[PDB]
Structure formats: C-alpha cells, structure tokens
Amino acid sequence: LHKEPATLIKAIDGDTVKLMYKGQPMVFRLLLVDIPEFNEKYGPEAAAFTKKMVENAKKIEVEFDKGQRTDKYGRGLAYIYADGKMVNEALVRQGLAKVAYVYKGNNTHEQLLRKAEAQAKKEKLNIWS
Ligand SMILES: Cc1cn([C@H]2C[C@H](OP(=O)(O)O)[C@@H](COP(=O)(O)O)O2)c(=O)[nH]c1=O
C-alpha cells in the first residue's frame, strides 16, 4: 500500500471527511471502522476527535487498500493519515470506534486495528466504559 497526498476540505464526522484528492473534492469513509451515530453516546466525541486530528494536521495522506476504492454511495474508502498517524487506528485506540465492515481484499490493517481495539477495551475507554 502507498500513501498519496490530499488536502482537507471539511471535517464531517467521526468516520467521514471531505478531502481534495487528485484535485477533486471527495467524501472519504474510513476503512475498517464503525462509530456511534451523532445522537448516540460518543457520536459527538468521535466527530470532535477526528475533526481535531484532520484540522491540526500539516499533511493529510490517503492510502487505498487493495480492493474497492469507492463504495456504493460514491465515498472513497481509505486509510487516512494526519502527519503520519492513522486516523482509523487512533479512533479505535481511543475507544471512539469499533473494528467493523471488514471485507476480505480491503483488510490490510485489520490486525493493527484489532490490536488497538483490544487496548481500548482493556482500558475500558469511552465506548468500552
Ligand atoms: C466502511 C464501508 C462501508 N460500506 C457501506 C456498507 C454500509 O451499507 P448500508 O448503508 O447499506 O448499511 C454502509 C455503512 O456506512 P456508514 O457506517 O457510514 O453508514 O457503507 C462499504 O460498502 N464498504 C466499506 O468498506
């Protein structure tokens, strides 16, 4: 897998962000995660976490997996990086997302995220509290 450049257009919520990628606006959906909805416990905290991460970043990068790159809604499916730190992993490590939507070909970082989820769950963090 390889990181590619992108620039933030707008934070949206815990697991979606609008990025300019190859000079076109796209909504990206974070691979391998599921978050509480905006009116469910921790929904707002997930949105705030991802917002700060992407807004404070000097450099955002998009890393597609091996399989499909857009979903049925036209959203990009990627691992997103903020100054080299993966947003998908950080959200999970904080107990603000669960590992989810693991489709065979687009699961390169599954075990990395599952390790983060186990740590959040041992810590009883947030959704695991
Ligand atoms: C994360 C992800 C979601 N999706 C689709 C499955 C779900 O379809 P349904 O809408 O039919 O439930 C939807 C979940 O996204 P959200 O969690 O953003 O709603 O996005 C993919 O198809 N591939 C993926 O990798």
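The residues of chain A that appear here are 89-127, 134-223 by Swiss-Prot count, in order.
Positions of Cβ are set from backbone N, Cα and C atoms, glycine also.
Taking all protein chains in view, 19 other C-beta atoms sit within 10 angstroms of the C-beta of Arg117 (active site). According to Swiss-Prot, the feature active site maps to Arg117 (among others), an assignment based on experimental evidence.
Under DSSP, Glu125 (active site) is assigned to coil, being neither helix nor strand in the three-state scheme. Annotation source Swiss-Prot lists active site at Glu125 (among others).
Under 8 Å, Cβ to Cβ, and six or more positions away along its own chain, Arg169 (active site) finds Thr104, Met114, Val115, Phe116, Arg117. The annotation active site is assigned in Swiss-Prot to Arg169 (among others) on the grounds of experimental evidence.
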